[PDB]
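# Architecture and fold: a report
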Number of protein chains: 2
Amino acid sequence: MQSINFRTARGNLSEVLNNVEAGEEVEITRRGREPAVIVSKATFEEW
Amino acid sequence: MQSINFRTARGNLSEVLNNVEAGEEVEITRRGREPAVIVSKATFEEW
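Residues numbered from 1 in each chain as written, not as in the entry; some residues may be left out. Chains lettered and ligands numbered in written order. Heavy atoms only, no water. Residues with missing side-chain atoms left out of burial classes, pairs and counts.

This deposited entry lists X-ray crystallography as its structure determination method and 2.31 Å as its resolution.

Placing chain B over chain A gives an RMSD of 0.3 Å and needs a rotation angle of 180°, together with 0.1 Å of translation along the axis. Interpreted geometrically, this transformation is the action of a two-fold axis. Relative to the rotation axis, the C-alpha of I38 of chain B is the closest in chain B, positioned 2.2 Å from it. When you check the interface residues of chain B against chain A, 100% turn up at the interface there too, and the contact is symmetric in its surfaces. (Least-squares fit on C-alpha atoms. Contact = heavy atoms within 4.5 Å.)

Next up on the list: the pairing of strand 3 (residues 33–40) of chain B. The pairing of strand 3 (residues 33–40) of chain A with strand 3 of chain B spans five bridges and is classified as antiparallel. Its bridge partner being in strand 3 of chain B, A36 of chain A is matched across the sheet by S40 of chain B. Hairpin connection from strand 2 (residues 26–30) of chain B to strand 3 of chain B: two residues lie between these consecutive antiparallel strands, with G32 of chain B at a positive phi of about 80°. (Pairing = 2+ DSSP bridges. Helix = DSSP H or I, 4+ residues; strand = E, 2+ residues; numbered from the N terminus.)

Inspection of every chain in the model, using the stated rule, returns two aromatic pairs over all chains. When the centroid spacing of 5.8 Å and the interplanar angle of 70° are considered together, the rings of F44 of chain B and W47 of chain B count as edge-to-face. Exposure remark for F44 of chain B: the relative accessible area of 14% places this residue in the buried category. Overall, the relative accessible area of 35% leaves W47 of chain B in the partly exposed class. One aromatic cluster is present, built from ring pairs that chain together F44 of chain A together with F44 and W47 of chain B. (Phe/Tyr/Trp six-rings, centres within 6.5 Å; stacked < 30°, edge-to-face > 60°. Buried < 20%, exposed > 50% of the residue type's maximum accessible area, 1.4 Å probe, protein only.)

Let's shift gears to the environment of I38 of chain B. Note that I38 of chain B resides in strand 3. When the C-alpha atoms of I38 of chain B and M1 of chain B are compared, they prove to be 9.9 Å apart, with 37 residues separating the residues in sequence. When neighbours within four sequence positions are excluded, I38 of chain B is seen to be in contact with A36, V37 and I38 of chain A together with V16, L17, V20, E24, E25, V26 and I28 of chain B.

Now the structure itself:
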């Protein structure tokens, strides 16, 4: 479980999605807001 | 589960993340590549 901020997710989305594809789960933080979690379609369907 | 292409998601990540927090599970697609699914941290913890 890696964590990145919104500006890192936005400016580096292509690489972020490459990390996710491999198996990594990426949490996207935002000041005063609930974090979002990006997971692969395979991880999604397993659970 | 909603679905948006990479190009749209990159440009509109803020709206995507607000929709994810509002209760949607969003699939980001890229041609020839595995789709990524964005869930809220609450949905992720519930797994």
